>>> print(open('structure_13.pdb').read())   # PDB, C-alpha atoms
ATOM      1  CA  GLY A   1      -9.026   4.691  25.739  1.00  0.00           C
ATOM      2  CA  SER A   2     -10.523   1.606  24.102  1.00  0.00           C
ATOM      3  CA  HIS A   3      -8.344  -0.629  26.267  1.00  0.00           C
ATOM      4  CA  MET A   4      -6.924  -0.248  29.770  1.00  0.00           C
ATOM      5  CA  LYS A   5      -3.492  -1.108  28.368  1.00  0.00           C
ATOM      6  CA  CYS A   6      -0.696   1.443  28.031  1.00  0.00           C
ATOM      7  CA  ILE A   7       3.064   1.706  27.571  1.00  0.00           C
ATOM      8  CA  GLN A   8       3.246  -0.033  30.938  1.00  0.00           C
ATOM      9  CA  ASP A   9       1.974  -3.476  29.941  1.00  0.00           C
ATOM     10  CA  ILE A  10       1.177  -2.576  26.341  1.00  0.00           C
ATOM     11  CA  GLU A  11       0.918  -5.571  24.020  1.00  0.00           C
ATOM     12  CA  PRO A  12       4.277  -7.417  24.375  1.00  0.00           C
ATOM     13  CA  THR A  13       4.655  -7.013  20.624  1.00  0.00           C
ATOM     14  CA  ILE A  14       6.923  -4.083  21.496  1.00  0.00           C
ATOM     15  CA  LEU A  15       9.510  -5.949  23.560  1.00  0.00           C
ATOM     16  CA  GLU A  16       8.887  -9.094  21.534  1.00  0.00           C
ATOM     17  CA  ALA A  17       9.614  -7.130  18.362  1.00  0.00           C
ATOM     18  CA  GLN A  18      12.910  -5.744  19.641  1.00  0.00           C
ATOM     19  CA  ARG A  19      14.002  -9.133  20.967  1.00  0.00           C
ATOM     20  CA  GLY A  20      13.400 -10.761  17.586  1.00  0.00           C
ATOM     21  CA  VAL A  21      14.966  -7.830  15.745  1.00  0.00           C
ATOM     22  CA  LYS A  22      18.249  -8.281  17.582  1.00  0.00           C
ATOM     23  CA  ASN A  23      17.884 -12.048  17.251  1.00  0.00           C
ATOM     24  CA  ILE A  24      18.366 -11.548  13.516  1.00  0.00           C
ATOM     25  CA  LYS A  25      21.707 -12.904  12.314  1.00  0.00           C
ATOM     26  CA  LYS A  26      23.905 -11.130   9.775  1.00  0.00           C
ATOM     27  CA  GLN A  27      23.185 -13.978   7.362  1.00  0.00           C
ATOM     28  CA  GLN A  28      19.450 -13.301   7.618  1.00  0.00           C
ATOM     29  CA  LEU A  29      20.117  -9.675   6.698  1.00  0.00           C
ATOM     30  CA  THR A  30      22.781 -10.547   4.123  1.00  0.00           C
ATOM     31  CA  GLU A  31      20.288 -12.519   2.048  1.00  0.00           C
ATOM     32  CA  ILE A  32      17.793  -9.660   2.293  1.00  0.00           C
ATOM     33  CA  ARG A  33      20.353  -7.121   1.103  1.00  0.00           C
ATOM     34  CA  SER A  34      21.375  -9.563  -1.630  1.00  0.00           C
ATOM     35  CA  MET A  35      17.808  -9.892  -2.903  1.00  0.00           C
ATOM     36  CA  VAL A  36      17.887  -7.994  -6.194  1.00  0.00           C
ATOM     37  CA  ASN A  37      14.096  -7.836  -6.341  1.00  0.00           C
ATOM     38  CA  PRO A  38      12.439  -7.894  -2.879  1.00  0.00           C
ATOM     39  CA  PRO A  39       8.850  -9.251  -2.612  1.00  0.00           C
ATOM     40  CA  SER A  40       6.006  -6.942  -1.585  1.00  0.00           C
ATOM     41  CA  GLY A  41       6.704  -6.917   2.142  1.00  0.00           C
ATOM     42  CA  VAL A  42      10.469  -6.564   2.625  1.00  0.00           C
ATOM     43  CA  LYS A  43      10.764  -3.176   0.935  1.00  0.00           C
ATOM     44  CA  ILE A  44       7.614  -1.776   2.531  1.00  0.00           C
ATOM     45  CA  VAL A  45       8.800  -2.771   5.992  1.00  0.00           C
ATOM     46  CA  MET A  46      12.205  -1.235   5.383  1.00  0.00           C
ATOM     47  CA  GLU A  47      10.661   2.060   4.309  1.00  0.00           C
ATOM     48  CA  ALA A  48       8.444   2.369   7.381  1.00  0.00           C
ATOM     49  CA  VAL A  49      11.382   1.546   9.630  1.00  0.00           C
ATOM     50  CA  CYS A  50      13.455   4.366   8.171  1.00  0.00           C
ATOM     51  CA  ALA A  51      10.637   6.840   8.792  1.00  0.00           C
ATOM     52  CA  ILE A  52      10.413   5.844  12.449  1.00  0.00           C
ATOM     53  CA  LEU A  53      14.170   6.175  12.904  1.00  0.00           C
ATOM     54  CA  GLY A  54      13.767   9.652  11.470  1.00  0.00           C
ATOM     55  CA  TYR A  55      15.595   8.595   8.314  1.00  0.00           C
ATOM     56  CA  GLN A  56      14.388   9.185   4.763  1.00  0.00           C
ATOM     57  CA  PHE A  57      14.757   6.404   2.190  1.00  0.00           C
ATOM     58  CA  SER A  58      12.702   4.927  -0.612  1.00  0.00           C
ATOM     59  CA  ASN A  59      15.193   3.063  -2.784  1.00  0.00           C
ATOM     60  CA  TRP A  60      15.730  -0.684  -2.517  1.00  0.00           C
ATOM     61  CA  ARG A  61      19.418  -0.152  -3.210  1.00  0.00           C
ATOM     62  CA  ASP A  62      19.525   2.806  -0.832  1.00  0.00           C
ATOM     63  CA  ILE A  63      18.030   0.788   2.004  1.00  0.00           C
ATOM     64  CA  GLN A  64      20.084  -2.289   1.160  1.00  0.00           C
ATOM     65  CA  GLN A  65      23.241  -0.359   1.999  1.00  0.00           C
ATOM     66  CA  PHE A  66      21.660   0.339   5.382  1.00  0.00           C
ATOM     67  CA  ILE A  67      20.609  -3.177   6.373  1.00  0.00           C
ATOM     68  CA  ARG A  68      24.019  -4.359   5.221  1.00  0.00           C
ATOM     69  CA  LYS A  69      25.439  -3.037   8.484  1.00  0.00           C
ATOM     70  CA  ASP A  70      25.616  -5.672  11.217  1.00  0.00           C
ATOM     71  CA  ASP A  71      24.304  -2.999  13.581  1.00  0.00           C
ATOM     72  CA  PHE A  72      21.216  -2.216  11.501  1.00  0.00           C
ATOM     73  CA  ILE A  73      19.054  -4.036  14.035  1.00  0.00           C
ATOM     74  CA  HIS A  74      20.884  -2.708  17.082  1.00  0.00           C
ATOM     75  CA  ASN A  75      19.740   0.825  16.261  1.00  0.00           C
ATOM     76  CA  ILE A  76      16.208  -0.496  15.780  1.00  0.00           C
ATOM     77  CA  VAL A  77      16.107  -1.949  19.290  1.00  0.00           C
ATOM     78  CA  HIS A  78      17.795   1.050  20.913  1.00  0.00           C
ATOM     79  CA  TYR A  79      15.157   3.360  19.432  1.00  0.00           C
ATOM     80  CA  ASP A  80      14.135   5.850  22.111  1.00  0.00           C
ATOM     81  CA  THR A  81      10.380   5.993  22.656  1.00  0.00           C
ATOM     82  CA  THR A  82      10.921   9.699  23.304  1.00  0.00           C
ATOM     83  CA  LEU A  83      12.402  12.092  20.755  1.00  0.00           C
ATOM     84  CA  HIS A  84      12.027  15.464  19.040  1.00  0.00           C
ATOM     85  CA  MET A  85      11.352  13.844  15.662  1.00  0.00           C
ATOM     86  CA  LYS A  86       7.955  14.053  13.981  1.00  0.00           C
ATOM     87  CA  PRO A  87       5.861  11.150  15.384  1.00  0.00           C
ATOM     88  CA  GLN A  88       2.936  12.581  13.424  1.00  0.00           C
ATOM     89  CA  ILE A  89       4.373  10.706  10.438  1.00  0.00           C
ATOM     90  CA  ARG A  90       2.328   7.681  11.521  1.00  0.00           C
ATOM     91  CA  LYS A  91      -0.777   9.092   9.835  1.00  0.00           C
ATOM     92  CA  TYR A  92       1.263   9.882   6.720  1.00  0.00           C
ATOM     93  CA  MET A  93       2.286   6.226   6.637  1.00  0.00           C
ATOM     94  CA  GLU A  94      -1.313   5.034   6.907  1.00  0.00           C
ATOM     95  CA  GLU A  95      -2.339   6.895   3.741  1.00  0.00           C
ATOM     96  CA  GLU A  96      -1.572   4.074   1.313  1.00  0.00           C
ATOM     97  CA  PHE A  97       1.774   2.742   2.533  1.00  0.00           C
ATOM     98  CA  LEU A  98      -0.034   0.858   5.293  1.00  0.00           C
ATOM     99  CA  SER A  99      -3.141   0.266   3.180  1.00  0.00           C
ATOM    100  CA  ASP A 100      -1.230  -2.226   1.047  1.00  0.00           C
ATOM    101  CA  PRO A 101      -2.392  -5.743   2.092  1.00  0.00           C
ATOM    102  CA  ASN A 102       1.222  -6.883   1.788  1.00  0.00           C
ATOM    103  CA  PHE A 103       1.929  -5.074   5.053  1.00  0.00           C
ATOM    104  CA  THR A 104       0.715  -7.860   7.328  1.00  0.00           C
ATOM    105  CA  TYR A 105       2.210 -10.414   9.703  1.00  0.00           C
ATOM    106  CA  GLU A 106       1.656 -13.066   7.046  1.00  0.00           C
ATOM    107  CA  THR A 107       3.035 -11.560   3.841  1.00  0.00           C
ATOM    108  CA  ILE A 108       5.857  -9.864   5.708  1.00  0.00           C
ATOM    109  CA  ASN A 109       6.800 -13.061   7.520  1.00  0.00           C
ATOM    110  CA  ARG A 110       6.735 -15.075   4.297  1.00  0.00           C
ATOM    111  CA  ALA A 111       8.920 -12.313   2.860  1.00  0.00           C
ATOM    112  CA  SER A 112      11.771 -13.015   5.271  1.00  0.00           C
ATOM    113  CA  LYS A 113      12.205 -14.658   8.673  1.00  0.00           C
ATOM    114  CA  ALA A 114      14.211 -11.572   9.614  1.00  0.00           C
ATOM    115  CA  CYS A 115      11.581  -9.210   8.229  1.00  0.00           C
ATOM    116  CA  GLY A 116       8.805 -10.828  10.249  1.00  0.00           C
ATOM    117  CA  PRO A 117       9.976  -9.201  13.527  1.00  0.00           C
ATOM    118  CA  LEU A 118      10.327  -5.941  11.603  1.00  0.00           C
ATOM    119  CA  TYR A 119       6.677  -5.572  10.618  1.00  0.00           C
ATOM    120  CA  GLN A 120       5.842  -6.262  14.250  1.00  0.00           C
ATOM    121  CA  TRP A 121       8.382  -3.681  15.441  1.00  0.00           C
ATOM    122  CA  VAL A 122       7.005  -0.930  13.217  1.00  0.00           C
ATOM    123  CA  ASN A 123       3.511  -1.970  14.288  1.00  0.00           C
ATOM    124  CA  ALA A 124       4.750  -1.915  17.885  1.00  0.00           C
ATOM    125  CA  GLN A 125       5.804   1.734  17.825  1.00  0.00           C
ATOM    126  CA  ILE A 126       2.414   2.672  16.379  1.00  0.00           C
ATOM    127  CA  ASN A 127       0.724   0.892  19.288  1.00  0.00           C
ATOM    128  CA  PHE A 128       2.853   2.794  21.805  1.00  0.00           C
ATOM    129  CA  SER A 129       2.076   6.177  20.266  1.00  0.00           C
ATOM    130  CA  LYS A 130      -1.536   5.294  21.064  1.00  0.00           C
ATOM    131  CA  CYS A 131      -0.940   5.564  24.814  1.00  0.00           C
ATOM    132  CA  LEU A 132       1.603   8.355  24.389  1.00  0.00           C
ATOM    133  CA  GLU A 133      -0.967  10.419  22.503  1.00  0.00           C
ATOM    134  CA  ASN A 134      -3.602   9.744  25.162  1.00  0.00           C
ATOM    135  CA  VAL A 135      -1.289  10.895  27.948  1.00  0.00           C
ATOM    136  CA  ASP A 136      -0.038  13.733  25.774  1.00  0.00           C
ATOM    137  CA  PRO A 137      -1.551  17.154  26.691  1.00  0.00           C
ATOM    138  CA  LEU A 138      -4.224  18.797  24.535  1.00  0.00           C
ATOM    139  CA  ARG A 139      -7.342  16.932  23.419  1.00  0.00           C
ATOM    140  CA  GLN A 140      -8.107  15.324  26.774  1.00  0.00           C
ATOM    141  CA  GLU A 141     -11.446  13.983  27.995  1.00  0.00           C
TER
END
>>> encode(input="structure_13.pdb", output="structure tokens")
Amino acid sequence: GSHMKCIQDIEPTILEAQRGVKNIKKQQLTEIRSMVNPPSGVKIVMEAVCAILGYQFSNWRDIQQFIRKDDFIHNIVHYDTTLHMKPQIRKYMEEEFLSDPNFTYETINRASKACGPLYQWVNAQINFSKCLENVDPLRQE
């Protein structure tokens, strides 16, 4: 435990990420889904999001049809911290998907005002898992 912070008061980036996510208007998502060629940041964020939601997708067009829904952000804010999915996918994401320097608060933000809160959201879940893993049985100090 590097920090004395946990899911309790964990960096507000979690709640702040969900608040912004829902604060995204359909127009903000419409332009993103209309973007024929997304800049390094929009696509990457979309891919990571799908993995967290337990969904598999790696096609700009495939994802576009997802964000098109006006409730694409609602499901992102209703995400249940607890689930039977495979949360161990976080490491799989790190590999190179997260290595890319385009996966930052700067590049992502500049990618889309609606995508800015996304990068934070995906980065928020990863932060939570930190405490969840610590409290999780097995491998305890």
>>> closest_residue(input="structure_13.pdb", among="A:10, A:106, A:16, A:123", to="residue 49 (chain A)", atoms="only C-alpha atoms")
A:123
>>> closest_residue(input="structure_13.pdb", among="A:85, A:131, A:77, A:124", to="residue 20 (chain A)", atoms="all atoms listed in the file")
A:77
>>> atom_distance(input="structure_13.pdb", atom1="CA of residue 31 (chain A)", atom2="CA of residue 125 (chain A)")
25.7 Å
>>> atom_distance(input="structure_13.pdb", atom1="CA of residue 46 (chain A)", atom2="CA of residue 82 (chain A)")
21.0 Å
>>> closest_residue(input="structure_13.pdb", among="A:69, A:90, A:19, A:84", to="residue 117 (chain A)", atoms="only C-alpha atoms")
A:19
>>> atom_distance(input="structure_13.pdb", atom1="CA of residue 75 (chain A)", atom2="CA of residue 116 (chain A)")
17.1 Å
>>> closest_residue(input="structure_13.pdb", among="A:81, A:58, A:107, A:43", to="residue 127 (chain A)", atoms="all atoms listed in the file")
A:81
>>> closest_residue(input="structure_13.pdb", among="A:74, A:86, A:5, A:113", to="residue 32 (chain A)", atoms="all atoms listed in the file")
A:113
>>> axis_aligned_box(input="structure_13.pdb", around="region 46-63 of chain A", padding_each_side="5 Å", output="AutoDock Vina command-line options")
--center_x 14.0 --center_y 4.2 --center_z 4.8 --size_x 21.1 --size_y 20.9 --size_z 26.1
>>> residues_around(input="structure_13.pdb", residues="residue 22 (chain A)", least_positions_apart="6", cutoff="12 Å", atoms="all atoms listed in the file", output="ChimeraX atom specification")
/A:15-16,28-29,70-78,114-115,117-118,121
>>> closest_residue(input="structure_13.pdb", among="A:35, A:61, A:56, A:88", to="residue 133 (chain A)", atoms="only C-alpha atoms")
A:88
>>> resolve_selection(input="structure_13.pdb", expression="the PyMOL selection byres ((chain A and resi 47) around 12)", output="PyMOL selection string")
chain A and resi 40-46+48-64+66-67+93+97-98+103+115+118-119+122
>>> build_atoms(input="structure_13.pdb", residues="region 111-124 of chain A", atoms="N, CA and C atoms", output="PDB file, keeping the file's coordinate frame")
ATOM      1  N   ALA A 111       7.924 -13.073   3.606  1.00  0.00           N
ATOM      2  CA  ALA A 111       8.920 -12.313   2.860  1.00  0.00           C
ATOM      3  C   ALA A 111      10.326 -12.633   3.357  1.00  0.00           C
ATOM      4  N   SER A 112      10.472 -12.716   4.676  1.00  0.00           N
ATOM      5  CA  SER A 112      11.771 -13.015   5.271  1.00  0.00           C
ATOM      6  C   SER A 112      11.629 -13.262   6.771  1.00  0.00           C
ATOM      7  N   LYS A 113      12.271 -14.319   7.255  1.00  0.00           N
ATOM      8  CA  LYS A 113      12.205 -14.658   8.673  1.00  0.00           C
ATOM      9  C   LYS A 113      12.763 -13.516   9.518  1.00  0.00           C
ATOM     10  N   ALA A 114      13.627 -12.706   8.914  1.00  0.00           N
ATOM     11  CA  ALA A 114      14.211 -11.572   9.614  1.00  0.00           C
ATOM     12  C   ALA A 114      13.331 -10.336   9.473  1.00  0.00           C
ATOM     13  N   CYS A 115      12.474 -10.335   8.461  1.00  0.00           N
ATOM     14  CA  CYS A 115      11.581  -9.210   8.229  1.00  0.00           C
ATOM     15  C   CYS A 115      10.298  -9.360   9.036  1.00  0.00           C
ATOM     16  N   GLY A 116      10.004 -10.580   9.458  1.00  0.00           N
ATOM     17  CA  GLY A 116       8.805 -10.828  10.249  1.00  0.00           C
ATOM     18  C   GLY A 116       8.790  -9.963  11.513  1.00  0.00           C
ATOM     19  N   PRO A 117       9.842 -10.014  12.285  1.00  0.00           N
ATOM     20  CA  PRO A 117       9.976  -9.201  13.527  1.00  0.00           C
ATOM     21  C   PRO A 117       9.954  -7.704  13.229  1.00  0.00           C
ATOM     22  N   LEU A 118      10.308  -7.344  11.996  1.00  0.00           N
ATOM     23  CA  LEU A 118      10.327  -5.941  11.603  1.00  0.00           C
ATOM     24  C   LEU A 118       8.917  -5.370  11.538  1.00  0.00           C
ATOM     25  N   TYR A 119       8.065  -6.013  10.748  1.00  0.00           N
ATOM     26  CA  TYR A 119       6.677  -5.572  10.618  1.00  0.00           C
ATOM     27  C   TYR A 119       6.064  -5.411  12.002  1.00  0.00           C
ATOM     28  N   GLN A 120       6.369  -6.343  12.896  1.00  0.00           N
ATOM     29  CA  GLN A 120       5.842  -6.262  14.250  1.00  0.00           C
ATOM     30  C   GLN A 120       6.426  -5.053  14.970  1.00  0.00           C
ATOM     31  N   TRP A 121       7.730  -4.804  14.782  1.00  0.00           N
ATOM     32  CA  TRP A 121       8.382  -3.681  15.441  1.00  0.00           C
ATOM     33  C   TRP A 121       7.741  -2.365  15.029  1.00  0.00           C
ATOM     34  N   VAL A 122       7.614  -2.155  13.723  1.00  0.00           N
ATOM     35  CA  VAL A 122       7.005  -0.930  13.217  1.00  0.00           C
ATOM     36  C   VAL A 122       5.569  -0.811  13.722  1.00  0.00           C
ATOM     37  N   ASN A 123       4.882  -1.944  13.793  1.00  0.00           N
ATOM     38  CA  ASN A 123       3.511  -1.970  14.288  1.00  0.00           C
ATOM     39  C   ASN A 123       3.488  -1.810  15.809  1.00  0.00           C
ATOM     40  N   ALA A 124       4.636  -2.051  16.438  1.00  0.00           N
ATOM     41  CA  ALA A 124       4.750  -1.915  17.885  1.00  0.00           C
ATOM     42  C   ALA A 124       4.842  -0.447  18.290  1.00  0.00           C
TER      43      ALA A 124
END
